[PDB]
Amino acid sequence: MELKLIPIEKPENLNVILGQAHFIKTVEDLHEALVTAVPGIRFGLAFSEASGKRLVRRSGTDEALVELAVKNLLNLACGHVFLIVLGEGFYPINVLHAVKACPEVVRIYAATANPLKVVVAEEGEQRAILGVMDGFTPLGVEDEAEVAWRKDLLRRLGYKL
């Protein structure tokens, strides 16, 4: 067995959702969950079939995003992993409810717009995702000014009243 670190290649600030699913119906169900959750949502979805034909499956509403999802899943090469790439202006908070609720979804490793690397283990014709390096290590702790800043930020973004 060997460990590897695989960076996810994507434009800066682009949001992705990396998870684990099962059953071929994962593709149609997640595509449907996403378009039902947000009108006009632009995304790309890829799912790594882990048996039978063992083909990476894809679906989406934006070819640029579908390409990113597929190419990255080919690099990861992990059975049953899925990757959703969201277009600009679309966020994981808008759709995580639908991903979590999908009957084929088992778990979600990460949802983020930060640079990310995936820790994987490999043995024979199998690979496992061990974790995700999401963004960077902390540089300190917020002071009163920073506490006021994040509270105020959410109000200006329209997320808090």
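Note that residue numbering begins at 1 and tracks the sequence as displayed.
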{"property": "Segment of higher mean CA temperature factor, 38-46 or 130-138", "result": "130-138"}
{"property": "Stretch with the higher entry mean CA B-factor, where the candidates are 14-22 and 143-151", "result": "143-151"}
{"property": "Out of 60, 92, 52, 103, highest CA B-factor residue", "result": "52"}
{"property": "CA B-factor placement of residue 83, once the chain's modelled residues are sorted into thirds", "result": "lowest"}
{"property": "Within-chain third of residue 120 by Cα B-factor, per the entry", "result": "highest"}
{"property": "Ranked against its chain, the third holding the CA B-factor of residue 69", "result": "middle"}
{"property": "Relative C-alpha B-factor of residue 113, binned into the chain's lowest, middle or highest third", "result": "middle"}
